[PDB]
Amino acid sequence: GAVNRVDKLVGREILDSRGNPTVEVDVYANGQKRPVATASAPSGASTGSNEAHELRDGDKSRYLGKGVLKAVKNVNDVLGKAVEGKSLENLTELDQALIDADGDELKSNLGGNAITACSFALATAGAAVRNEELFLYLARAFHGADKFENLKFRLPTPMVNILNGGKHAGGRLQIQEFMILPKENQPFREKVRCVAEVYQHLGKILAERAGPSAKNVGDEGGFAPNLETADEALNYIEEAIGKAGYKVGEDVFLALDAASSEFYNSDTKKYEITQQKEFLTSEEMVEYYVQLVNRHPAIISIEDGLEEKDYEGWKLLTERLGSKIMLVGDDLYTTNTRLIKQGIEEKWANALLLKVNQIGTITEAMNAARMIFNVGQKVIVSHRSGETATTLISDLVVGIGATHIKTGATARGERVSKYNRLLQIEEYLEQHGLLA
């Protein structure tokens, strides 16, 4: 048609925010000599067996085996050719062409990282050549033209990592992530300011307790002091909330990502909730969370509180706390529609952490979110531990109408750029009268 069609894709090995290679894709379109868009894939700290296969070179002489030249070559030689001449206005067809080209359930022929990077860049290109905001382009793809026409938009509530334990830190605290959430009913610019101020105060509090090194940050910008218990962590966070001038349980709420698979022993069936000290059954773990919420009633969400296949544990956790708090499946689901269907039917949990690159394309990720939306459960659009300059998940969370984003502390460029993109979106929505 020559109007808004793909001329070619060009792949490139770049560095992600952890300094490891990842795939970046340029899209050429409309006969234009310079790319109309560029986006890149994120990367988690680990990739398992129910997720899109992240294709790495394994050449120990480059990037300690983590190069992505093979995946990049698949962009240039296969995936590019599969979308050449196709319209940038139909994201579903573009994503299906990528899926079909690879032809493997786990995307292990061409590489999930190549496919996600192409999906991101092609969606970014489609919005660019239509001279429209990316979240609008994604909203139209998610809802269809008829529901999109008069659609209004909401900004998410951010779940903001500010303190880390587990594998991240040197203490015996095993819960991996402690987050703050600002109250829902206020402008997004005030949500951002609130969590940024709490984050600054926590850093100063920790630097007073332990000196300058205590303000060094982990991969997602959170602090990693040496702590023993979740109560210690939550008490520091509550202190920072107060120093910022906010009220715990009114202005600022708390959330956990236990990453509990990391401290579960499947032979003993015990959770090592305090390193080399305390070992709990599934049932005792649920009771532990119940009492932690009693002591800290501002806790409104717990992610991966039980191990990824401890389905009897999850059923009970959701039985006992599901009416009060979000129970977020991350490892529980790995953005996998087979698991999501089973978890909805069996009532494992009541929310999904959505990682597009775990499933592959944006379209595949939208179907997963739809299943959750369809039963009144919550979608939290998530970063990965290795992020890039692409801010697409900010446009995605608004475009699909999900209530929450989880994209790091208010520090490090690959985290704050997502908050800044949402600040831009909020202004655009206000200016055009699209704010719901």
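Start at 1 with the first residue shown and count on from there.
- Mean CA temperature factor is higher for 2-10 when stretches 2-10 and 426-434 are set side by side in the entry.
- Higher mean CA B-factor, judged across 111-119 and 277-285 from the recorded values: 277-285.
- As recorded in the entry, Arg320 carries the highest CA temperature factor of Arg320, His201, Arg189, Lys355.
- The PDB entry assigns its highest CA temperature factor, among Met159, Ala365, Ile237, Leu339, to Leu339.
- Ranked by Cα temperature factor within the chain, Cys194 sits in the lowest third according to the deposited record.
- The PDB entry assigns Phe135 a C-alpha temperature factor belonging to the lowest third of its chain's modelled residues.
- Ranked by C-alpha B-factor against the other modelled residues of its chain, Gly85 falls in the highest third.
- The deposited CA B-factor of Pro35 belongs to the middle third of values across its chain.
- Ranked by C-alpha B-factor against the other modelled residues of its chain, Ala128 falls in the lowest third.
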